[PDB]
Amino acid sequence: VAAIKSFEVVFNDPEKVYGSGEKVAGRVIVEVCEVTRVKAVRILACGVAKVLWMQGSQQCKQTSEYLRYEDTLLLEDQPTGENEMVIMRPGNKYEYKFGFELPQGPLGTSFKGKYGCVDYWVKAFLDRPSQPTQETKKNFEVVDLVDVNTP
């Protein structure tokens, strides 16, 4: 797709379910079918409150984010702090490490221990000059949810 063979978020431990204060670590990986100039690879990691009305009232009460982390990532084995466009060539994996820590408190709420009131995910964005930005999105799972009516 416009030179792009693959674009994905890969967690270092694909089976890990994350709790309070824990590091979420992974890579954004790009592969191309032909030479292409890349301006940036960015991430947005969010924990978004879901809104759910049941039993005649709002249960998942929604409101504000638990997490919103934005960054521009560095290609593996490039100099730290450097601002440089990348010429991606076929036959190579272009890997960008990321890592963020989750908040110390509860990571969200749950209704009747069945309906999780929060969505966590990582989006990545592939920016290229005079070309539409491409997006990828991957969900991740959390624990440390508390009941909606917890004091």
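Before going into details, it helps to say that this report is about the structure given with it. (Residues numbered from 1 in each chain as written, not as in the entry; some residues may be left out. Heavy atoms only, no water. Residues with missing side-chain atoms left out of burial classes, pairs and counts.)

**What about the state of the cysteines?**
Step number 1: Using the criterion set out here, one finds 1 disulfide in the structure.
Step number 2: Across a sulfur-sulfur distance of 2.0 Å, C60 and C117 are joined as a disulfide pair. Since a negative S-S torsion denotes a left-handed disulfide, the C60-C117 link at about -70 degrees is left-handed. Taken together, the residues span a long stretch of sequence, with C60 in strand β6 (residues 57-61) and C117 in the loop between β11 (115-116) and β12 (118-128) at a distance of 57 residues.
Step number 3: Given the relative accessible area of 3%, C117 is considered buried.
Step number 4: No disulfide involves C46; its sulfur sits 17 Å from that of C117, the nearest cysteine. (Disulfide = S-S within 2.5 Å. Helix = DSSP H or I, 4+ residues; strand = E, 2+ residues; numbered from the N terminus. Buried < 20%, exposed > 50% of the residue type's maximum accessible area, 1.4 Å probe, protein only.)

**Describing unusual backbone geometry**
Step number 1: Backbone geometry at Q55 places phi at a positive 60 degrees, although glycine is not the residue there.
Step number 2: Position of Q55 relative to the elements: it lies in the loop between β5 (51-54) and β6.
Step number 3: Overall, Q55 belongs to the exposed group, its relative accessible area being 63%.
Step number 4: A positive phi is found at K112, a non-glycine position, where the angle reads about 50 degrees.
Step number 5: Relative to the helices and strands, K112 resides in the loop between β10 (108-111) and β11.
Step number 6: We classify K112 as partly exposed; its relative accessible area is 46%.

**Considerations on the nonpolar core**
Step number 1: Judged by nonpolar contacts, the single largest core of 31 residues is most densely connected at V28, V30, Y96, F98, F100, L102 and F140.
Step number 2: Going through the elements one at a time, β1 (4-11), β2 (23-32), β4 (40-49), β8 (86-88), β9 (94-101) and β12 are the ones with two or more residues in this core.
Step number 3: If you tally residues by element for this core, the top one is β12, at 5 residues.
Step number 4: Not counting residues within four places of it along the chain, the set of residues in contact with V28 comprises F7, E8, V9, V41, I43, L73, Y94, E95, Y96, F98 and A124. (Core = buried A, V, L, I, M, F, W, Y, C linked by side-chain atoms within 4.5 Å. Contact = heavy atoms within 4.5 Å.)

**Re the environment of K97**
Step number 1: In this fold, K97 is placed in strand β9.
Step number 2: The exposure class of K97 is exposed, given its relative accessible area of 56%.
Step number 3: For the pair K97 and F11, spaced 86 residues apart in the sequence, the C-alpha separation amounts to 9.7 Å.
Step number 4: Apart from the residues lying within four places of it in its own chain, the contact partners of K97 are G26, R27, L73, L74 and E76.

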